[PDB]
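To start, the structure under review is shown below, and the notes come after it.
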Amino acid sequence: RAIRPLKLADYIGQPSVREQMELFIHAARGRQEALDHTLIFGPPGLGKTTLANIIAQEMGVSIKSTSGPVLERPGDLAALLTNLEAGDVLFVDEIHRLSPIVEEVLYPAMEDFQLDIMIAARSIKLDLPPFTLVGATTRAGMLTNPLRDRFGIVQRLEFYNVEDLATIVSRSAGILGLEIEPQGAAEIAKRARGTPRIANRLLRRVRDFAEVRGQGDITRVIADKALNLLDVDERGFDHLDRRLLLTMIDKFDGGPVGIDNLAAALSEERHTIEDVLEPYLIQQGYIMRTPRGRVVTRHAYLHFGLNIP
DNA sequence: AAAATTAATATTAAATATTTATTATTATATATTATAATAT
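Those letters in the first sequence? Residues 22 to 140, 145 to 334, by the deposited numbering.
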């Protein structure tokens, strides 16, 4: 029972990007040709395979959702391409982790749909039917320059707009059956943390709060009562984050810090911090990073009235 | 003297197919080495 819009117009969250890719879909449909290669990158976990399946039903063809471990050997991908047909498409994931032998096999596969292979050297030339190679990675920066320059469509995925996050909150609460408020929708959009999954988790938890504290009612006051104590903040801070900030600023006064020293002093190993708490705050930019220590920026000083050295 | 020939004549005995320590050689994090700026 996962959250999934049925259609591309039904897909809501990136309206300009949705219109762009709808234009690409109608370009594939009208031209009666396989759609160009689409590069996809952005958030790591977003259910991209399901969206590729939706694109498959929009094309009406089959897309083999494949990844790096699936296509780590060139033989497996060659076999899948041989079972691929005209007008079909192949979802590819973890292209960055894939071996360069895969890259050289996929050079002629998209280069006008051919295949060249060596056998005292003898050359064997093979052909491939036209198709839509789909390349989606968590990060596209590791893609090699000739390969990415030879591609066609490049599409970016990102967390939704705050008003559009609020609309997604409203739709998911209607799916979940929660009697949510537009003020509460904007509240959870401010709490969306850039992640739809943790957003839906917050909808579930405020639904539980409205069930056990209110009379099944989600309002702005109910949402504030649910999300203004413990690891919460209107911007996205936690009391873990506030503790980290306070412990950095009382010790080193916004100066260079030792990461092992921080892990020892906080009674909290630095690994989880740099895995969840630090990357979000640096995603907001609020911590500036040095090779001699992580320091918060002027935003955190303005949060607590602190000076600037 | 000095090497080649041959008839007795005592002598010797037939074990393969498998198997496990005993050597090769192939990754994989992880406690090392390292640099850069930085106060004092």
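The beta carbon of each residue, even a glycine, is placed where N, CA and C say it ideally should be.
Is the beta carbon of residue j closer than 8 Å to that of residue i?
i: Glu188; j: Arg245; result: no
i: residue 144; j: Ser195; result: As shown, the structure holds no coordinates for residue 144; the chain passes over it, running from 140 to 145.
i: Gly279; j: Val237; result: no
i: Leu27; j: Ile46; result: no
i: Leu291; j: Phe176; result: no
i: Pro154; j: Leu98; result: no
i: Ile178; j: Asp57; result: yes
i: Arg181; j: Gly318; result: no
i: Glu132; j: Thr169; result: no
i: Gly108; j: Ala55; result: yes
i: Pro65; j: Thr157; result: no
i: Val159; j: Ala224; result: no
Out of the options, state which residue places its alpha-carbon closest to the alpha-carbon of residue i.
i: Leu102; options: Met313, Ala130, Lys69 and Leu203; result: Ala130
i: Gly68; options: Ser292, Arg222 and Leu287; result: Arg222
i: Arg323; options: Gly241, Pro316 and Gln309; result: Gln309
i: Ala248; options: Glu294, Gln208 and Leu302; result: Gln208
i: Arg314; options: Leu228, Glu299 and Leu327; result: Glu299
i: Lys150; options: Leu158, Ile140 and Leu136; result: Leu136
i: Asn253; options: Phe277, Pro334, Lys276 and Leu227; result: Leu227
i: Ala161; options: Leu327, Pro171, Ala55 and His117; result: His117
i: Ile138; options: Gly108, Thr157, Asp174 and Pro95; result: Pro95
i: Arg173; options: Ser197, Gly202 and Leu127; result: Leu127
i: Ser120; options: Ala224, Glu93, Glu293 and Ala145; result: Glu93
i: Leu271; options: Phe329, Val301, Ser197 and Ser83; result: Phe329
i: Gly51; options: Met80, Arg229 and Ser37; result: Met80
i: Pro304; options: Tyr326, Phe134, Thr220 and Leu255; result: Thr220
i: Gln53; options: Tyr326, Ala145, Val82 and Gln41; result: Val82
i: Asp152; options: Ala146, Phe134 and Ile140; result: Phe134
In chain order, what residues of the same chain lie with their CB nearer than 7 Å to the CB of residue i, ignoring the 5 residues before and after it?
i: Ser88; result: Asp114 and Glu115
i: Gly34; result: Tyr185, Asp189 and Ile193
i: residue 141; result: Not modelled: residue 141, which lies between 140 and 145, the two residues flanking a gap in the chain.
i: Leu306; result: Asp266 and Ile312
i: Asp256; result: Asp263, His264 and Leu265
i: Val91; result: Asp97
i: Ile122; result: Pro95
i: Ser197; result: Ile24, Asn225 and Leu228
Can you list, in chain order, the residues of its chain whose CB lies under 8 Å from that of residue i, leaving out five sequence neighbours each side?
i: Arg25; result: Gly68, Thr71 and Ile75
i: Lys215; result: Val187, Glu259, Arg260 and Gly261
i: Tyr32; result: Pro26, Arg39, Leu72 and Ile75
i: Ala77; result: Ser83, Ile84 and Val110
So, for residue i: in the same chain, excluding its five sequence neighbours on each side, which residues have a beta-carbon less than 6 Å away from its beta-carbon?
i: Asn332; result: none
i: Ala191; result: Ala210, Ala211 and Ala214
i: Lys85; result: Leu101 and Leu111
i: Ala23; result: none
i: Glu43; result: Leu29
i: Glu183; result: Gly63
i: residue 12; result: This structure cannot speak to residue 12, because the chain is shown only from 22 to 334.
i: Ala288; result: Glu294 and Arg295
i: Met167; result: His117
Just to check, is the beta-carbon of residue i closer than 7 Å to a non-hydrogen atom of the ligand GDP?
i: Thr163; result: In terms of ligand content, the structure shown is empty, and the ligand GDP therefore cannot be addressed.
Could you pull out every unbroken beta strand (DSSP E) segment of at least 3 residues lying fully inside the segment 75-131, listed in chain order?
84-86 and 109-114
Length at least 4, wholly inside the segment 171-256: the alpha helix (DSSP H) runs in chain order:
187-201, 207-215, 221-237 and 245-251
Measuring CB atoms only, is the segment 230-247 touching the segment 259-266, in the sense that at least three cross pairs come out at less than 8 Å?
no
Count Cβ pairs between the segment 282-289 and the segment 242-256 that sit closer than 8 Å; are there 3 or more?
no
Please specify which runs of the alpha helix (DSSP H), each continuous and at least 4 residues long, are wholly inside the segment 270-308, giving them in chain order.
284-290 and 303-308
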